[PDB]
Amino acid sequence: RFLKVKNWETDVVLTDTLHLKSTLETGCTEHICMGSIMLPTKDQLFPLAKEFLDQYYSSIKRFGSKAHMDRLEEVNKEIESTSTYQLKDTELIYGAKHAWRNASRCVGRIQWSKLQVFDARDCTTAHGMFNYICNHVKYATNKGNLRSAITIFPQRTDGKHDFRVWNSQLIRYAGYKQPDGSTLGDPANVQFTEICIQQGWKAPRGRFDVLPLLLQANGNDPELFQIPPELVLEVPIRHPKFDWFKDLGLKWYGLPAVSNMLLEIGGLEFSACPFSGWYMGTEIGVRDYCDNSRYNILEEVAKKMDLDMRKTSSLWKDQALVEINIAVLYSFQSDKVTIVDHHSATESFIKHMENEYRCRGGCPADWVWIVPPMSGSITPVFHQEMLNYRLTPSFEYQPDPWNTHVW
């Protein structure tokens, strides 16, 4: 059926036909919606490869061409002979750009076509992976003028020689459990922070310690590496009015770079494919800094602001939240590091949706993730109905390595 999506603020209505090309299951059923659940063979492969190649040739205006047909047969024969196949560079670039295009949970997709793709399929060792990652970090950081990029390591073969970056992001802060029963640093990485130690790393036991990379190549055990500090751009956080803010001793890194997802293109699985763009302010100020299970700084900040924390109804958390988020944005802009606020990012996404609907017939989007975690309804995406469905190429979550690695 042809579904329609309405924005309840502008009344603009869009019709979605793209969803009619979805194949994978959503997790929901006619009886129960699971929209808020965080994570709901040669025979198998050729169909997948065919679906992919078809859309590629269609995108280059050569659908049904001999070239299209020729390639189809070559891959076909390749799979029949090798049980797998290799992607042409052009297909690789198109696939990664489209996996981002299809990421229903990403609000910054208006930038999808500008992705710099780094082919690391010729990599063979962890040191090799370290080199490639360093190069990615430097390229993307670009002295503060961030540029989107993805580095793609060798695809899965028999699942016993998988390339994996054990970190969750190329750059993250360590977390340590202390006597107080309390947590020092970032609670979200406590387990990884330990595995590095359990593997040799010498933790500075600080509040913002850049974690080391733990890289795995060809199934072998992972190895540690310290990203050259000169390559990790960090931003000290200060407020444009509260001089005491700096005394909080807060800082964040300028490069957001998911490193543990799985990229699927034409049935091929790329288990190590770190990518990066740049931050939307709220990611840091709202979630990293204020989540109860993260740096949880609202109470300290509220205290330094001297407001009545006695009654929830004084909205002191809300007041403080805004200030913390003003300071994150201020600092990044001051140090000339790329960053986007939730208002501009959501406005761009709405623009992107319109482009997509008219040029592609739709845009899968996950409302639950697209709406910023603060000031939801004053951003336009809150008022925008969205259809969530799965299209490939795609980025998917995958088991953490330490729960599957056979040392």
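Superpose the two forms; the largest set of C-alphas matching within 1.5 Å is the rigid core. For every residue, the number given is its place in the sequence shown, counted from 1.
- With every structure aligned by its rigid core, 60-68 is the stretch of 60-68 and 371-379 whose CA positions lie farther away in 7 other deposited structures of this protein.
- When the other structures are laid on the shown form by the core, the C-alphas of 157-165 and 77-85 differ in how far they drift in 7 other deposited structures of this protein; the larger average drift belongs to 157-165.
- Going from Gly376 to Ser377, the model skips none of the deposited residues; the chain is continuous there.
- Per-stretch averaging of Cα B factors for 362-370 and 57-65 places 57-65 on top.
- Once the C-alpha B-factors are averaged per stretch, 133-141 and 210-218 rank with 210-218 first.
- Taking only the listed residues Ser168, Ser271, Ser81, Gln116, the entry reports the highest CA temperature factor at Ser81.
- Ranking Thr125, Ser331, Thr151, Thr193 by the C-alpha B-factor listed in the PDB entry places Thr193 at the top.
- Ranked by Cα temperature factor within the chain, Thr183 sits in the highest third according to the deposited record.
- Per the deposited record, the Cα B-factor of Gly35 falls in the middle third when ranked against the other modelled residues of its chain.
- The deposited CA B-factor of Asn102 belongs to the lowest third of values across its chain.
- Placement of the Cα temperature factor of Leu48 within the chain: middle third of the modelled residues, per the deposited record.
- Ranked by C-alpha B-factor against the other modelled residues of its chain, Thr23 falls in the highest third.
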